[PDB]
Protein chains: 4
Amino acid sequence: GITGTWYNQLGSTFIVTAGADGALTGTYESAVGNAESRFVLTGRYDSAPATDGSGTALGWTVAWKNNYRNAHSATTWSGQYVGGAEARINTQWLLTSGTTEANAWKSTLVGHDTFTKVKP
Amino acid sequence: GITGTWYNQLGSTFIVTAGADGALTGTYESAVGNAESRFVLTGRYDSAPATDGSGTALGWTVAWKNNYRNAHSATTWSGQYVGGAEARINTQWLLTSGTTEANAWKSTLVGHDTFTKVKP
Amino acid sequence: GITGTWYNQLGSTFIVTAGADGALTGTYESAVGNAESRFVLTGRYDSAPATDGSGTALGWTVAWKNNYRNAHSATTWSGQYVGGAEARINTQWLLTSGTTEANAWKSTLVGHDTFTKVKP
Amino acid sequence: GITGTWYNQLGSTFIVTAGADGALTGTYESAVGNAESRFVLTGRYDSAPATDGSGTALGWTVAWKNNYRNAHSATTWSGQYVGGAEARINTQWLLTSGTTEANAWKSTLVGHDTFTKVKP
Ligand SMILES: [Cl-]
Ligand SMILES: [Cl-]
Ligand SMILES: [Cl-]
Ligand SMILES: [Cl-]
């Protein structure tokens with residue numbers, strides 16, 4: 001249920017393959033339709049989730065370096081997949097930039113993204 | 001500078017290899033000296049960081065499933081590596097458990113870890 | 001624009017007064033229509049926000065103790081008010097429980113709430 | 001045990017009064033010894049905590065507006081007080097700036113502070 005394409009509510013999209021034993025691998029495109037905005041992502045998921053209706057825990061990282069861009073930063077998304085009609089991956093994220101020590105206190109942004117199988 | 005073993009301040013340790021083009025791969029052991037507490041981790045880092053003194057952005061995920069344990073949960077660490085004498089990886093983390101929809105609001109813990117090359 | 005009643009998307013509601021010089025005071029009801037679920041809240045807001053279209057920064061705390069309940073915990077909401085038609089207070093929150101030292105690492109939940117002037 | 005002066009590990013300090021029924025009121029000084037860096041804070045704490053060794057949950061907000069400064073932003077600290085020799089208030093914080101809608105995704109920084117009764 002995880003393998004495939006997902007869209008957040010703001011114009012990003014990623015493509016992921018969920019390996020049989022817990023690997024996540026794919027590509028994150030921060031601006032739909034812009035190939036210069038595609039970055040590697042890698043992560044993990046629970047490959048034997050509960051069968052009681054609960055979601056499937058997962059996480060992934062994108063370091064914002066590709067051939068076109070280096071933001072000197074990385075985002076991690078932590079969340080759960082919820083299957084069915086209206087499947088979704090509900091996440092909260094942390095975006096850390098490399099900083100000097102004086103600026104470390106402002107290194108890390110927090111937010112949330114809801115991913116769906118259809119565009120907003 | 002990232003490749004190798006790191007210890008948080010509370011008794012965990014991980015081992016990571018930083019690939020030339022941004023891959024992080026390794027193992028996270030949640031309780032030092034307990035092999036049943038070793039889990040796969042995967043992530044990304046900025047493989048061309050700034051040279052102005054700033055840290056190197058990175059992130060990784062551990063899904064808490066191995067042959068001995070399934071917590072139906074995953075932690076992502078987001079942070080930066082700071083090299084030199086007293087090298088450290090300073091992070092903030094998100095731990096999401098798979099939940100029912102009614103319990104989703106309590107799915108995700110937040111915290112921080114400081115990793116060093118020597119044990120606390 | 002802040003003074004008044006707000007509803008999150010999940011069944012809570014609060015009532016706030018925004019004082020002229022930055023005070024927030026009011027009541028948070030975690031379950032709409034249940035008076036046993038009303039708790040004091042107090043906080044602050046920027047009483048001279050930018051006039052360029054940007055939101056108004058604010059935050060508040062509820063300690064989850066009233067005459068009916070003590071969860072030994074407190075939530076802080078940090079966010080911004082955005083006025084107009086479809087006014088909203090967009091927030092992220094931290095819920096810390098009192099814990100033993102051994103359990104401190106799991107003391108704090110994170111999430112988000114969007115408040116509107118009309119019920120979901 | 002909460003009433004009094006506390007210092008984070010980076011050069012801030014605040015002064016708080018813990019009211020008998022859960023109020024926190026005081027002043028936060030972001031740069032020790034600089035009176036232009038003093039801002040109102042208000043919050044809540046659990047005024048009947050557990051007696052089993054667990055910490056006392058609390059939170060507070062500072063909106064970063066005073067007579068000298070307006071950063072158009074507010075920080076909330078969520079945490080717990082732990083008494084005894086080496087008393088501490090262990091916190092995680094969210095700092096939200098007022099932003100345009102386009103920039104909302106980058107509105108909120110996250111971090112942590114440990115407060116002690118003695119300066120670092
Ligand atoms: Cl796999
Ligand atoms: Cl690589
Ligand atoms: Cl006021
Ligand atoms: Cl009081």
# chains A, B, ... in the order shown; residues from 1 in each chain; ligands from 1
>>> residues_near_ligand(ligand="ligand 2", cutoff="12 Å", atoms="only C-alpha atoms and all ligand atoms", output="PyMOL selection string")
(chain A and resi 40-42+63+65) or (chain B and resi 3+17-25+42-48)
>>> closest_atom_pairs(of="chain C", to="chain B", cutoff="8 Å", atoms="only C-alpha atoms", output="JSON lines")
{"residue": "C:105", "atom": "CA", "partner": "B:111", "partner_atom": "CA", "distance": 6.8}
{"residue": "C:106", "atom": "CA", "partner": "B:109", "partner_atom": "CA", "distance": 6.4}
{"residue": "C:107", "atom": "CA", "partner": "B:109", "partner_atom": "CA", "distance": 7.7}
{"residue": "C:108", "atom": "CA", "partner": "B:109", "partner_atom": "CA", "distance": 5.6}
{"residue": "C:109", "atom": "CA", "partner": "B:109", "partner_atom": "CA", "distance": 4.3}
{"residue": "C:110", "atom": "CA", "partner": "B:108", "partner_atom": "CA", "distance": 5.9}
{"residue": "C:111", "atom": "CA", "partner": "B:105", "partner_atom": "CA", "distance": 6.8}
>>> residues_around(residues="residue 119 of chain B", least_positions_apart="6", cutoff="9 Å", atoms="only C-alpha atoms", output="JSON, numbers by chain")
{"B": [6, 7, 8, 9, 11, 13]}
>>> select_by_dssp(residues="chain C", states="strand (DSSP E or B)", output="PyMOL selection string")
chain C and resi 4-7+13-18+23-29+38-45+56-66+69-82+88-97+108-116
>>> write_last_selection(atoms="C-alpha atoms", output="PDB file, in the first residue's frame")
ATOM      1  CA  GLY C   4     -13.485  35.085  20.804  1.00  0.00           C
ATOM      2  CA  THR C   5     -14.173  31.391  20.294  1.00  0.00           C
ATOM      3  CA  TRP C   6     -12.165  29.041  18.173  1.00  0.00           C
ATOM      4  CA  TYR C   7     -12.627  25.391  17.231  1.00  0.00           C
ATOM      5  CA  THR C  13     -12.809  24.674  21.517  1.00  0.00           C
ATOM      6  CA  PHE C  14     -11.452  27.561  23.365  1.00  0.00           C
ATOM      7  CA  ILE C  15     -12.426  30.963  24.287  1.00  0.00           C
ATOM      8  CA  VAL C  16      -9.793  33.724  24.519  1.00  0.00           C
ATOM      9  CA  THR C  17      -9.490  37.422  25.270  1.00  0.00           C
ATOM     10  CA  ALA C  18      -6.588  39.229  23.629  1.00  0.00           C
ATOM     11  CA  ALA C  23      -2.069  39.044  27.131  1.00  0.00           C
ATOM     12  CA  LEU C  24      -4.055  35.973  26.208  1.00  0.00           C
ATOM     13  CA  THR C  25      -6.482  34.675  28.865  1.00  0.00           C
ATOM     14  CA  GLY C  26      -9.359  32.253  28.549  1.00  0.00           C
ATOM     15  CA  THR C  27     -10.591  28.697  28.747  1.00  0.00           C
ATOM     16  CA  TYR C  28      -9.883  25.571  26.722  1.00  0.00           C
ATOM     17  CA  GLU C  29     -12.484  22.839  26.480  1.00  0.00           C
ATOM     18  CA  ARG C  38     -12.687  23.213  30.672  1.00  0.00           C
ATOM     19  CA  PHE C  39      -9.221  24.324  31.745  1.00  0.00           C
ATOM     20  CA  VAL C  40      -7.522  27.702  32.233  1.00  0.00           C
ATOM     21  CA  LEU C  41      -5.307  28.977  29.490  1.00  0.00           C
ATOM     22  CA  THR C  42      -2.897  31.782  29.468  1.00  0.00           C
ATOM     23  CA  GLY C  43      -0.478  33.088  26.871  1.00  0.00           C
ATOM     24  CA  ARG C  44       0.900  35.962  24.838  1.00  0.00           C
ATOM     25  CA  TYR C  45       0.564  37.421  21.360  1.00  0.00           C
ATOM     26  CA  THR C  56       0.193  37.482  14.135  1.00  0.00           C
ATOM     27  CA  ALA C  57       2.482  35.315  16.302  1.00  0.00           C
ATOM     28  CA  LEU C  58       1.063  33.899  19.519  1.00  0.00           C
ATOM     29  CA  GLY C  59       1.254  31.063  22.018  1.00  0.00           C
ATOM     30  CA  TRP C  60      -0.586  29.713  24.990  1.00  0.00           C
ATOM     31  CA  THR C  61      -0.449  27.009  27.653  1.00  0.00           C
ATOM     32  CA  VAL C  62      -3.029  24.766  29.280  1.00  0.00           C
ATOM     33  CA  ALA C  63      -2.054  22.734  32.326  1.00  0.00           C
ATOM     34  CA  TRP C  64      -4.477  19.805  32.395  1.00  0.00           C
ATOM     35  CA  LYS C  65      -5.647  20.290  35.995  1.00  0.00           C
ATOM     36  CA  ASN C  66      -9.134  21.477  36.883  1.00  0.00           C
ATOM     37  CA  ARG C  69      -9.231  16.079  36.211  1.00  0.00           C
ATOM     38  CA  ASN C  70      -5.483  16.141  36.690  1.00  0.00           C
ATOM     39  CA  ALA C  71      -3.534  14.543  33.814  1.00  0.00           C
ATOM     40  CA  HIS C  72      -0.214  15.751  35.285  1.00  0.00           C
ATOM     41  CA  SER C  73       0.580  17.331  31.939  1.00  0.00           C
ATOM     42  CA  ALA C  74       0.537  20.614  30.044  1.00  0.00           C
ATOM     43  CA  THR C  75       0.165  21.546  26.361  1.00  0.00           C
ATOM     44  CA  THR C  76       1.688  24.602  24.739  1.00  0.00           C
ATOM     45  CA  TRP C  77       0.399  25.808  21.348  1.00  0.00           C
ATOM     46  CA  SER C  78       2.688  27.991  19.237  1.00  0.00           C
ATOM     47  CA  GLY C  79       1.332  29.550  16.054  1.00  0.00           C
ATOM     48  CA  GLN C  80      -0.008  32.487  14.179  1.00  0.00           C
ATOM     49  CA  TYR C  81      -3.385  34.124  13.634  1.00  0.00           C
ATOM     50  CA  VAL C  82      -4.381  34.846  10.052  1.00  0.00           C
ATOM     51  CA  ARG C  88      -7.601  30.770  11.369  1.00  0.00           C
ATOM     52  CA  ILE C  89      -5.087  30.190  14.074  1.00  0.00           C
ATOM     53  CA  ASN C  90      -2.538  27.721  12.740  1.00  0.00           C
ATOM     54  CA  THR C  91      -0.539  25.995  15.487  1.00  0.00           C
ATOM     55  CA  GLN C  92       1.880  23.309  16.447  1.00  0.00           C
ATOM     56  CA  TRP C  93       1.801  21.969  19.994  1.00  0.00           C
ATOM     57  CA  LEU C  94       3.888  20.207  22.586  1.00  0.00           C
ATOM     58  CA  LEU C  95       2.267  18.127  25.356  1.00  0.00           C
ATOM     59  CA  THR C  96       4.598  17.290  28.224  1.00  0.00           C
ATOM     60  CA  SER C  97       3.664  14.890  31.000  1.00  0.00           C
ATOM     61  CA  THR C 108       6.579  15.025  25.196  1.00  0.00           C
ATOM     62  CA  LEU C 109       4.128  14.544  22.377  1.00  0.00           C
ATOM     63  CA  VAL C 110       4.078  16.855  19.341  1.00  0.00           C
ATOM     64  CA  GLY C 111       1.260  17.701  16.969  1.00  0.00           C
ATOM     65  CA  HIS C 112      -0.626  20.427  15.192  1.00  0.00           C
ATOM     66  CA  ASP C 113      -4.057  22.050  15.383  1.00  0.00           C
ATOM     67  CA  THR C 114      -5.841  24.386  13.016  1.00  0.00           C
ATOM     68  CA  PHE C 115      -8.421  26.577  14.696  1.00  0.00           C
ATOM     69  CA  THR C 116     -11.318  28.172  12.836  1.00  0.00           C
TER      70      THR C 116
END
